[PDB]
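Shown next as structure tokens: one chain only, the form deposited in one PDB entry.
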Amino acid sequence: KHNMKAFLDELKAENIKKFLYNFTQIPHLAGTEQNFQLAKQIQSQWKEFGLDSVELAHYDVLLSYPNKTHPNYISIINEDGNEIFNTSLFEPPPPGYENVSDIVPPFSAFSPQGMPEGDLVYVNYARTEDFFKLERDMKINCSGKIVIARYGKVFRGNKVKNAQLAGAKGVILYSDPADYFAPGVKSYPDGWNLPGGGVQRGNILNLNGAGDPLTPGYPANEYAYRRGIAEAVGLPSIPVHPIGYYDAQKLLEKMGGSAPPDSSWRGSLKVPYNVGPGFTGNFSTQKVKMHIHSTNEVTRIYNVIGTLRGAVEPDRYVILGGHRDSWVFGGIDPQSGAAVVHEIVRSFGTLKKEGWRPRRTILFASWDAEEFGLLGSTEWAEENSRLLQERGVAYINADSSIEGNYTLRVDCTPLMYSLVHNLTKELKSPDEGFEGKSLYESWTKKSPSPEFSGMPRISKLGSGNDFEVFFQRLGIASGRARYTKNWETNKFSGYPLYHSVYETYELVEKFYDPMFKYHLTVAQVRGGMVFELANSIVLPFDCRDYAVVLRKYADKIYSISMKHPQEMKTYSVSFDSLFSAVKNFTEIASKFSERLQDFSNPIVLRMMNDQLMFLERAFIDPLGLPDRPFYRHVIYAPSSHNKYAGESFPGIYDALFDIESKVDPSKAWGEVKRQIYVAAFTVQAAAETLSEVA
């Protein structure tokens, strides 16, 4: 038999281990030769594994690199302009590497050049609420200051945006042990914690879905017209650089001015966490000076695209994609995911060699330049947008397979909730203490739904990975799954060695998953999802699950608005249309479900498969959200305050956010009303796609 069990049993922990080792011996930074060589290797192997075609799709996109002969660093400078302290020029390499070349030093990708000097202000996590506290409550002015912010809580590009709008002239990001050092575990190489010399790389763009900064809307192909740098999308206007906590301690220890406003502003270092501005009495005349010399450069990137043609519906695509480019060795991010995808391709190819083909076409992607802003996936989707929006069934992402060893973490469209529950009930739990129990059982026990008893937590999709263009721009049903930790307040912060030189094969093999059983479990979840999507006769989506969450999101946004009852009275702000639409959606979805259960007729089936495929597509508004034209889904967008987090009813959410501070309340509440209309209309229009067609 060639069924899902055949597929799942063919997957081997030992193969994933071998591939992980193979993918993590040298750095694979986007735009470098080593990363092109790995692309060619994967293309060759996917051919050998049995795919019908495997091609490289290349693009020429804006990337950013430090200057090898003019290093970035930060100084404390004295009255005379003597640099009395300098931050490190590189992370101490881990054991046995120390002679690896081409390890890119820590830098903030896309920082402009500059040598700003000034007084420090400490801004906690540099969140919107942190700046509100500084400016509104503490009356501290960041204008012309260098801000220092700890990593964690929100995407770093939002920190930099917030610092810019506060008038900062530079930003220093650092890793506090409060957020990157788990109590009781040892620093790398003796455990999985971040050493004091470790630093988190990462880009600081605010692309809002655009892809390559120079070519928003269109692929960066050979004849592309590029914007000038001054009109590029998303580039920061002030210099930015990341440091480790040994260096941060040196910059923070002398800080003066106001005390931290409360304990949620204090990290774990032995410093006061004074907000500043500037240093205490004796050092009041010393300044901080940044030296940033990185350059932005148009550089070729390569996606590997493999096709397994469907036997029955070859013009319906189920896509499994994850990136290949890494900051350094990519031991977790992304190669723990890429190794899982490699083993999935191998298993599918095994079945194919025995004469099986999936019902629908499966596309496999190894994306490039994810680390520089989701560039590879976005440019490819821009190139192929018409094929994807008329043929795309679903997209399953496959970045890091593990960020912990505790339990499963899933974010996906409501359309896939039932599929995930059903699949996980059929898979074995890899967890100690749940031998012979299902993954569904361990996951539900360890990560209970906050709404429903006996169900696991599944979160909304946000952004910060390659599914963004598929879901938020194109409206293709998307999902992602991995193994995670038990550390709730660190949900968006990353594991301690995130984007550091210390993320190596050895990290994974010694400390995360020595048996590769969690990798195997994740391969079964991702692969199992792809198998069901590409093989089930009726697409495995339950429209009724969308109706349940739409009501939850409508209650939530109504509750936010109802914080302002006098204004809702004055401006006649009614949510009645949105609740009406959600009611209608619930009723129509129930009737559609009955018909779907009640029909030998392939035209009726496909008609109904097309209704299921196009339902996520119906939540797309071609006009986009306000000032964010590439975020087009009306139900979900990346939060405007934190790209990683999803926000529901984002148009209405942002119209309500901080509304009590707007100078013209009539205009502000008018825009809330406009967003309620758009949302109600889109929900009703999506409902109507599920009605009888004629």
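Only residues modelled in both forms are compared. By rigid core we mean the largest C-alpha set that fits within 1.5 Å across both forms. All residue numbers are counted from 1 along the displayed sequence.
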Inset, instruction - Enter the number of deposited residues without atomic coordinates between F599 and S600, binned as none, 1 to 3, 4 to 9, or 10 or more. - result: 1 to 3
Legend entry - Between 270 to 278 and 456 to 464 (mean CA B-factor, as deposited), the higher: 270 to 278
Inset, instruction - Take the C-alpha B-factors listed in the entry for 399 to 407 and for 114 to 122, compute each mean, and give the stretch with the larger one. - result: 114 to 122
Legend entry - Most elevated Cα B-factor in the entry, residues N486, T307, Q611, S175: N486
Inset, instruction - Specify which of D60, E647, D654, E48 carries the largest Cα B factor in the deposited PDB entry. - result: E48
Legend entry - CA B-factor ranking of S661, expressed as a third of its chain: highest
Inset, instruction - Using the B-factor values recorded in the entry, state whether the Cα atom of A694 falls in the lowest, middle or highest third among the modelled residues of its chain. - result: highest
Legend entry - Lowest, middle or highest third - CA B-factor, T128: middle
Inset, instruction - Sorting the chain's modelled residues by C-alpha B-factor, tell me whether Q34 ends up in the lowest, middle or highest third. - result: middle
Inset, instruction - Place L251 in the lowest, middle or highest third of its chain's C-alpha B-factors, as listed in the PDB entry. - result: highest
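There is another form of the same protein, the form deposited in another entry; it is not shown, and what comes next is about it.
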Inset, instruction - Choose, among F132, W487, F85, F614, the residue with a C-alpha displacement of 2 Å or more between this form and the one not shown when the rigid core is used for superposition. - result: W487
Inset, instruction - Taking the shown form as the reference, report whether the CA atoms of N490 and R628 lie closer or farther apart in that other deposited form; the distance changes by 3 angstroms or more. - result: farther
Inset, instruction - Have a look at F181 and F492: in that other deposited form, are their Cα atoms closer together or farther apart than in this form, given the change is 3 Å or more? - result: closer
Legend entry - Regions of at least 3 residues displaced between this form and the one not shown by 2 angstroms or more (CA, core superposed): 487 to 494
